[PDB]
Every structure is written in structure tokens, then in C-alpha cells.
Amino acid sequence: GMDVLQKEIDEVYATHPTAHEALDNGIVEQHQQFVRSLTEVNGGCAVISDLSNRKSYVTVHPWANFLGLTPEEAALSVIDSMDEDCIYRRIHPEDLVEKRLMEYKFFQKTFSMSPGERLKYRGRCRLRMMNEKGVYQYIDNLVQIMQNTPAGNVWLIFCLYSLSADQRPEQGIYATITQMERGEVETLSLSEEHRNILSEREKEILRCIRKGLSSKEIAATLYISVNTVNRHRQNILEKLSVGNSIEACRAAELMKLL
């Protein structure tokens, strides 16, 4: 599925050598029980991402119809990514880009702080997610460091989804980073980083591809080599987590990257 900043976020995770520690699993079990209880109150969905083994534990409540998951996708309990992949597919493509930007800023910030301090922070936003009838509804999303390892590395990351009290439209996902103790709520302005997911050269190449030019025509019109065009094309496929150029075109348009 289309996505952004996957490489960059994995790089932040790679700054903590969590997978090298001998960790107690009973801690993860206690958190899994808490998250099931919480979903029984909010009627939503919880994901616990475990950096020690790169696995996700997903809990979906029967009342979480706003996710629009199929019977088979709801039956999941353990995903093999740091992301709950079929939940992400349900997010409006424009909102997914902003979510990714907030997560990257949030993890950059929290991973470079002390273990005790990083726990006082929370990243939040309000996303559009599509239900079973293809209608977008507004969902409150939380990202938060839940547990650290004894040696101070990030161990568990907590993600939460629930139907928001606010169903009114507004431009963007109103991303925020909150420091709970100091009572500080920082609003993120994501517009400029969004416009820069793709470089200007990558955007030109994609507009040519969409228009119907061949590598040879693109090289002719942008005064670059066919080798270079194909280097950019392949970079774009990686940046947008898609498999071919027609897929890249649809992703760029849906996510409003051009």
C-alpha cells in the first residue's frame, strides 16, 4: 500500500538497539491486557509496536465499525510490521501523509530524549478513516512511547484510534505534540514538509509520466539522461511505497504530493 517516510522512520528506530537486550515478556502481556480493557471502553482500536522484535499486536473492538475492516482483517491479533498495515490503508491518503510527518517528528524528538522524559510526551491528531460504506469519518489518533527497556531504549510504542467527538471538517489533521506534566500543547504546521515529500525534480518527472511521456521524452524535455530519469523513477517508487509508475501517479495525486 502507498505510504511515506517508511525509510526515515525505520532510521529513527534503528538509533536504539532494543533487539539486543534480554527483556521480560510479562511486561508486554500486562500492556496487552490494559489495551484490550481500554478498547472495551472506547469501542476502538489499539496497536502496540514492539521494537525488540519488530512485531505489532493489534486489538480491534467489535464496535470499531469506523475502521471498515473485513471479518478476516479484524480477526488479526499479531502483525509482523512495526505498523498495523491494513488499518493504515483505511486512512484518507492526504491525512496519511500528515500522520507520517507527525510520527517522524514525534519519534525524532522522543528517541533523542532521556527515557524518563520521553514518556511525558504524546502525539495526537484527527484523521479521516473510511468505513464499510466508503464514508470518511473523523477519528482521534494517539502515538505515545509506552515502555522503555532497562537500558533506556524505546521498547513499546502505543497507538490508539477511536471515533472523535469532533466530526467537523478542517484543513489538515491538527497534529500536536503535548508535554503532559508542563501542560504544553504544540501545534505542528506540516504544510511545508508535505510539499517537500517529493523533490521538485521528482514532481516534474511524475507530471511527465502522468502526461504520458516515455523515459526518452522526459530526458529530452528536462535535459537529463535516460539513466537519470530511471534513477528518479525508482526513487519515487521507494518514497511512496508503490510498485510501478502508474501506481506512483495515483499515489502522488491522492496524497496531494505534486
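Note that residue numbering begins at 1 and tracks the sequence as displayed.
Stretch comparison (76-84 versus 127-135) by mean CA B-factor in the PDB entry places 76-84 on top.
When the modelled residues of the chain are ordered by C-alpha B-factor, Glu29 sits in the highest third. For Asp50, the recorded CA temperature factor ranks within the middle third of the chain's modelled residues.
Remark: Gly116 belongs to the middle third of its chain, ranked by C-alpha B-factor as recorded. Placement of the Cα temperature factor of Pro71 within the chain: highest third of the modelled residues, per the deposited record.
Among the modelled residues of its chain, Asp3 has a C-alpha B-factor that falls in the lowest third according to the deposited record.
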